[PDB]
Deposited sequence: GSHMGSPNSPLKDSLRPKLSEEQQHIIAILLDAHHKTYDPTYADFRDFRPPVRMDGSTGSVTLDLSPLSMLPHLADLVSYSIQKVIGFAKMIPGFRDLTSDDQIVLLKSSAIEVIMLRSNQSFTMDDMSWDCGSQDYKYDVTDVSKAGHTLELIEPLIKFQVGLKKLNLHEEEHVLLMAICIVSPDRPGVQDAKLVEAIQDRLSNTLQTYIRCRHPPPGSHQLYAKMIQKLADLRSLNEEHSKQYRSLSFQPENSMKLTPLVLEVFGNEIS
């Protein structure tokens, strides 16, 4: 059965996502306009804005505060791109195979990403990942728990206090496992926790691929200038 603390955790995670994710996408106006590396300025802005929201969600996560400032920073730096890919799915649509943000201008497709300077090597696994995630058809409760588990991972590069990080994650993991049995009906439930954890492995690969893609883009200064200072700090540095 789902313990009150577990229910408490879920309620917090939902509210935190609600605070940090605006389904109206009204802030997108502020970004540099999309041009159809024409897309890089607009996408760099979207990514940077997203990093800010991922941080805001991360603070909300139970037990996250208890971590030392250095461990919090390493966790965000490594996980930020993965969370953006994970969170981005709410936008993502099977019909177009594109991320849809309520306007044609703000609807993003493979050629747009490519215009950002990303090769199919990143993009193709990315779209399959989006497709597989959508197929899971997770409860919002599951979606928010998965983002929280992604962030608080003990094997992230630079982690000081893995045991403490592992302890925060396990409580979330146990909440997820217990939620699915209690609140997710068969046949959707079948092998759901394992499928979700497989998505986290997919994400590590995507992150590893993204880094190589960033490094190639990064190597040229003129391309680097287009990025935001947050983006340079999180991925560079």
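- According to the record, the deposited residues with no C-alpha atom in the structure span 1-17, 54-67, 269-271.
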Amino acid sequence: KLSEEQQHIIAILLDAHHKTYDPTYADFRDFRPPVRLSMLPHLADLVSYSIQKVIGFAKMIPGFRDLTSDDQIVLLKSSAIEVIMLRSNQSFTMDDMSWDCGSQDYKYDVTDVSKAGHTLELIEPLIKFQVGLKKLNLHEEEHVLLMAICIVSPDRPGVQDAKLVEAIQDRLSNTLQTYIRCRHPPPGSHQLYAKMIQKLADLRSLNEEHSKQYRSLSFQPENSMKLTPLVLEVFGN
From here on, numbers count along this sequence of modelled residues.
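Think of the rigid core as the biggest set of C-alphas that the two forms share within 1.5 Å after superposition.
- Structural divergence in 9 other deposited structures of this protein between 38-46 and 189-197: following superposition by the core, 189-197 has C-alpha atoms lying farther from the shown form.
- Comparing 26-34 with 207-215 in 9 other deposited structures of this protein, after superposition on the rigid core, the stretch with the greater RMS C-alpha deviation is 207-215.
- Higher average CA B factor: 101-109, of the stretches 136-144 and 101-109.
- For residue 87, the recorded CA B-factor ranks within the lowest third of the chain. Only modelled residues enter the ranking.
- Among the modelled residues of its chain, residue 165 has a C-alpha B-factor that falls in the highest third, as given in the PDB entry.
- Sort the chain's modelled residues by C-alpha temperature factor and residue 191 lands in the highest third, per the entry.
- When the modelled residues of the chain are ordered by C-alpha B-factor, residue 158 sits in the middle third.
- Ranked by C-alpha B-factor against the other modelled residues of its chain, residue 13 falls in the lowest third.
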